[PDB]
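Colleague: Next comes coords_14.pdb, PDB, C-alpha atoms (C1' of nucleotides):
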```
ATOM      1  CA  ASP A   1      96.593 149.643  82.439  1.00  0.00           C
ATOM      2  CA  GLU A   2      95.860 150.535  86.150  1.00  0.00           C
ATOM      3  CA  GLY A   3      92.803 148.140  86.078  1.00  0.00           C
ATOM      4  CA  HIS A   4      94.892 145.092  84.928  1.00  0.00           C
ATOM      5  CA  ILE A   5      97.566 145.892  87.629  1.00  0.00           C
ATOM      6  CA  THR A   6      94.824 146.624  90.258  1.00  0.00           C
ATOM      7  CA  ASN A   7      93.316 143.136  89.543  1.00  0.00           C
ATOM      8  CA  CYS A   8      96.902 141.754  90.028  1.00  0.00           C
ATOM      9  CA  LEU A   9      97.505 143.783  93.280  1.00  0.00           C
ATOM     10  CA  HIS A  10      94.248 142.261  94.751  1.00  0.00           C
ATOM     11  CA  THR A  11      95.633 138.645  94.551  1.00  0.00           C
ATOM     12  CA  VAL A  12      98.316 139.502  97.209  1.00  0.00           C
ATOM     13  CA  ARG A  13      95.572 139.405  99.891  1.00  0.00           C
ATOM     14  CA  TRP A  14      95.499 135.516  99.701  1.00  0.00           C
ATOM     15  CA  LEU A  15      99.286 134.632  99.504  1.00  0.00           C
ATOM     16  CA  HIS A  16      99.940 131.925 102.220  1.00  0.00           C
ATOM     17  CA  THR A  17     102.780 129.706 103.723  1.00  0.00           C
ATOM     18  CA  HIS A  18     100.378 126.781 104.560  1.00  0.00           C
ATOM     19  CA  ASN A  19      97.324 125.764 102.355  1.00  0.00           C
ATOM     20  CA  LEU A  20      94.041 125.027 104.365  1.00  0.00           C
ATOM     21  CA  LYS A  21      92.226 123.984 101.079  1.00  0.00           C
ATOM     22  CA  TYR A  22      94.780 121.433  99.741  1.00  0.00           C
ATOM     23  CA  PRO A  23      92.933 118.061 100.095  1.00  0.00           C
ATOM     24  CA  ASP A  24      89.431 119.577  99.552  1.00  0.00           C
ATOM     25  CA  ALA A  25      88.497 122.712  97.583  1.00  0.00           C
ATOM     26  CA  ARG A  26      85.226 123.121  99.614  1.00  0.00           C
ATOM     27  CA  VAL A  27      87.067 124.613 102.676  1.00  0.00           C
ATOM     28  CA  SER A  28      86.058 128.341 102.975  1.00  0.00           C
ATOM     29  CA  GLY A  29      87.564 131.192 105.118  1.00  0.00           C
ATOM     30  CA  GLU A  30      90.965 132.994 105.748  1.00  0.00           C
ATOM     31  CA  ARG A  31      94.658 132.310 104.697  1.00  0.00           C
ATOM     32  CA  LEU A  32      97.430 131.040 107.120  1.00  0.00           C
ATOM     33  CA  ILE A  33     100.967 132.669 107.382  1.00  0.00           C
ATOM     34  CA  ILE A  34     103.308 131.125 110.025  1.00  0.00           C
ATOM     35  CA  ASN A  35     107.113 130.851 110.441  1.00  0.00           C
ATOM     36  CA  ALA A  36     108.369 127.207 110.402  1.00  0.00           C
ATOM     37  CA  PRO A  37     108.426 125.417 113.845  1.00  0.00           C
ATOM     38  CA  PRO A  38     111.786 124.808 115.663  1.00  0.00           C
ATOM     39  CA  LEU A  39     113.723 121.758 114.345  1.00  0.00           C
ATOM     40  CA  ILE A  40     113.147 118.416 116.158  1.00  0.00           C
ATOM     41  CA  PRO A  41     116.225 116.115 115.618  1.00  0.00           C
ATOM     42  CA  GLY A  42     114.037 113.019 114.914  1.00  0.00           C
ATOM     43  CA  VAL A  43     111.464 114.595 112.475  1.00  0.00           C
ATOM     44  CA  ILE A  44     111.466 115.694 108.798  1.00  0.00           C
ATOM     45  CA  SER A  45     109.431 118.961 108.482  1.00  0.00           C
ATOM     46  CA  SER A  46     109.522 122.539 107.075  1.00  0.00           C
ATOM     47  CA  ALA A  47     111.812 123.609 110.005  1.00  0.00           C
ATOM     48  CA  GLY A  48     114.978 123.057 107.863  1.00  0.00           C
ATOM     49  CA  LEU A  49     113.669 124.964 104.767  1.00  0.00           C
ATOM     50  CA  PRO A  50     113.788 128.661 103.751  1.00  0.00           C
ATOM     51  CA  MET A  51     110.675 130.981 103.667  1.00  0.00           C
ATOM     52  CA  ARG A  52     108.328 130.653 100.543  1.00  0.00           C
ATOM     53  CA  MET A  53     104.670 131.680  99.682  1.00  0.00           C
ATOM     54  CA  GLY A  54     101.937 130.392  97.250  1.00  0.00           C
ATOM     55  CA  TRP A  55      98.391 131.365  96.029  1.00  0.00           C
ATOM     56  CA  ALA A  56      94.792 129.909  96.174  1.00  0.00           C
ATOM     57  CA  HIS A  57      91.270 131.461  95.641  1.00  0.00           C
ATOM     58  CA  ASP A  58      89.217 131.716  92.353  1.00  0.00           C
ATOM     59  CA  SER A  59      89.865 129.484  89.390  1.00  0.00           C
ATOM     60  CA  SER A  60      89.920 132.573  87.128  1.00  0.00           C
ATOM     61  CA  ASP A  61      92.896 134.374  88.632  1.00  0.00           C
ATOM     62  CA  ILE A  62      95.870 131.977  87.940  1.00  0.00           C
ATOM     63  CA  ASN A  63      97.671 134.314  85.424  1.00  0.00           C
ATOM     64  CA  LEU A  64      96.975 137.660  87.278  1.00  0.00           C
ATOM     65  CA  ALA A  65      98.503 136.229  90.549  1.00  0.00           C
ATOM     66  CA  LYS A  66     101.877 135.488  88.720  1.00  0.00           C
ATOM     67  CA  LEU A  67     103.036 139.211  88.731  1.00  0.00           C
ATOM     68  CA  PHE A  68     103.575 139.409  92.545  1.00  0.00           C
ATOM     69  CA  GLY A  69     103.570 135.774  93.842  1.00  0.00           C
ATOM     70  CA  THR A  70     106.375 134.434  91.584  1.00  0.00           C
TER
ATOM     71  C1'  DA B   1     123.663  79.114 178.990  1.00  0.00           C
ATOM     72  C1'  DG B   2     118.428  77.480 178.410  1.00  0.00           C
ATOM     73  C1'  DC B   3     114.181  77.276 175.463  1.00  0.00           C
ATOM     74  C1'  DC B   4     111.499  77.029 171.061  1.00  0.00           C
ATOM     75  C1'  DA B   5     110.249  76.281 165.111  1.00  0.00           C
ATOM     76  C1'  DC B   6     111.400  74.378 161.509  1.00  0.00           C
ATOM     77  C1'  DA B   7     113.967  72.124 158.187  1.00  0.00           C
ATOM     78  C1'  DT B   8     115.148  67.418 156.666  1.00  0.00           C
ATOM     79  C1'  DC B   9     115.857  62.233 157.272  1.00  0.00           C
ATOM     80  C1'  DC B  10     115.563  57.107 157.329  1.00  0.00           C
ATOM     81  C1'  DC B  11     112.696  52.783 158.065  1.00  0.00           C
ATOM     82  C1'  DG B  12     108.520  50.305 156.805  1.00  0.00           C
ATOM     83  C1'  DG B  13     105.670  50.114 152.675  1.00  0.00           C
ATOM     84  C1'  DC B  14     104.515  49.942 147.834  1.00  0.00           C
ATOM     85  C1'  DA B  15     104.945  49.297 143.036  1.00  0.00           C
ATOM     86  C1'  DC B  16     107.642  47.878 138.810  1.00  0.00           C
ATOM     87  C1'  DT B  17     111.564  44.883 135.680  1.00  0.00           C
ATOM     88  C1'  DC B  18     109.343  41.080 131.802  1.00  0.00           C
ATOM     89  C1'  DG B  19     107.285  36.814 127.842  1.00  0.00           C
ATOM     90  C1'  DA B  20     109.696  34.923 123.957  1.00  0.00           C
ATOM     91  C1'  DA B  21     115.836  33.515 118.144  1.00  0.00           C
ATOM     92  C1'  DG B  22     119.335  35.482 115.085  1.00  0.00           C
ATOM     93  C1'  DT B  23     119.179  38.241 108.530  1.00  0.00           C
ATOM     94  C1'  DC B  24     127.515  38.965 105.984  1.00  0.00           C
ATOM     95  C1'  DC B  25     131.777  40.747 106.288  1.00  0.00           C
ATOM     96  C1'  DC B  26     135.824  43.499 101.927  1.00  0.00           C
ATOM     97  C1'  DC B  27     138.529  45.908  97.519  1.00  0.00           C
ATOM     98  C1'  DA B  28     138.198  48.128  92.322  1.00  0.00           C
ATOM     99  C1'  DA B  29     134.052  52.063  88.726  1.00  0.00           C
ATOM    100  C1'  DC B  30     137.704  53.485  80.993  1.00  0.00           C
ATOM    101  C1'  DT B  31     140.838  55.690  77.805  1.00  0.00           C
ATOM    102  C1'  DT B  32     141.236  58.815  71.596  1.00  0.00           C
ATOM    103  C1'  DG B  33     138.544  61.510  67.735  1.00  0.00           C
ATOM    104  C1'  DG B  34     134.777  64.404  65.249  1.00  0.00           C
ATOM    105  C1'  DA B  35     128.158  68.423  66.170  1.00  0.00           C
ATOM    106  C1'  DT B  36     126.511  70.568  58.303  1.00  0.00           C
ATOM    107  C1'  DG B  37     125.475  73.656  54.404  1.00  0.00           C
ATOM    108  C1'  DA B  38     121.194  77.659  51.424  1.00  0.00           C
ATOM    109  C1'  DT B  39     116.789  79.963  50.819  1.00  0.00           C
ATOM    110  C1'  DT B  40     112.423  82.647  52.619  1.00  0.00           C
ATOM    111  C1'  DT B  41     109.150  85.530  58.134  1.00  0.00           C
ATOM    112  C1'  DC B  42     101.502  88.659  55.349  1.00  0.00           C
ATOM    113  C1'  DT B  43      97.914  91.962  53.255  1.00  0.00           C
ATOM    114  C1'  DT B  44      92.423  95.025  54.273  1.00  0.00           C
ATOM    115  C1'  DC B  45      89.168  98.355  57.861  1.00  0.00           C
ATOM    116  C1'  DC B  46      87.716  99.795  62.616  1.00  0.00           C
ATOM    117  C1'  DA B  47      89.587 102.113  68.553  1.00  0.00           C
ATOM    118  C1'  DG B  48      81.792 104.589  72.180  1.00  0.00           C
ATOM    119  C1'  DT B  49      78.529 107.418  74.509  1.00  0.00           C
ATOM    120  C1'  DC B  50      76.575 110.656  80.030  1.00  0.00           C
ATOM    121  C1'  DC B  51      76.143 112.138  85.172  1.00  0.00           C
ATOM    122  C1'  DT B  52      79.586 113.530  89.522  1.00  0.00           C
ATOM    123  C1'  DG B  53      82.765 123.134  90.835  1.00  0.00           C
ATOM    124  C1'  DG B  54      83.731 127.470  93.708  1.00  0.00           C
ATOM    125  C1'  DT B  55      83.350 132.237  93.360  1.00  0.00           C
ATOM    126  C1'  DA B  56      81.837 136.585  92.067  1.00  0.00           C
ATOM    127  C1'  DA B  57      79.423 139.585  88.321  1.00  0.00           C
TER
END
```
What's the structure tokens form of this structure?

Modeller:
Amino acid sequence: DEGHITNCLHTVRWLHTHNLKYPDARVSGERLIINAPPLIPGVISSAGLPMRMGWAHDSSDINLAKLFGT
DNA sequence: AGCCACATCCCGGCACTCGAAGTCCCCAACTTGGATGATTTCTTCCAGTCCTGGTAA
């Protein structure tokens, strides 16, 4: 089903490393993809963690995004 | 060696004591024997309603 897979391929455009909408769903615009900052000895942060991505956009997609973003 | 600034130092001076009875010492502080049985601990029915999405067809 090229249509089902096409709808799934489209979700890739909004995979991100950092989520600009987290505290408030009203924020509108582009995604953010950045490598973790250099480690600071006195601070707990993403600097000590491996690279991972997530997904946010329409409520409807949830299932269709799972093929490539898992 | 002679001259000047700044430290303190000791005598004359000053002010206070201050109303107005005493109130007992010393050493000791208990051993033993037992704390109960038999029975039972509730049942009927019920457990609100409405407002407060973003995104794309």

Colleague: Using the file's own x, y and z axes, what box holds all listed atoms of range 36-41 of chain A with 8 Å on each side, keeping edges along x, y and z, and what are its centre and edge lengths in Å to one decimal, as lines of an AutoDock Vina configuration file?

Modeller:
```
center_x = 112.3
center_y = 121.7
center_z = 113.3
size_x = 23.9
size_y = 27.1
size_z = 21.8
```

Colleague: Evaluate the PyMOL selection byres ((chain B) within 10 of (chain A)) on the structure here and hand back the selected residues as a list in words.

Modeller: residues 53, 54, 55 and 56 of chain B

Colleague: Write out as JSON, numbers by chain which residues come within 6 Å of range 15-18 of chain A when counting all atoms listed in the file, dropping same-chain ones fewer than 2 positions away.

Modeller: {"A": [12, 31, 32, 33, 53, 54, 55]}

Colleague: Go ahead and compute the interatomic distance for CA of residue 24 in chain A and CA of residue 45 in chain A, in Å to one decimal.

Modeller: 21.9 Å

Colleague: Please measure the separation of CA of residue 20 in chain A and CA of residue 35 in chain A, giving the value in Å to one decimal.

Modeller: 15.5 Å
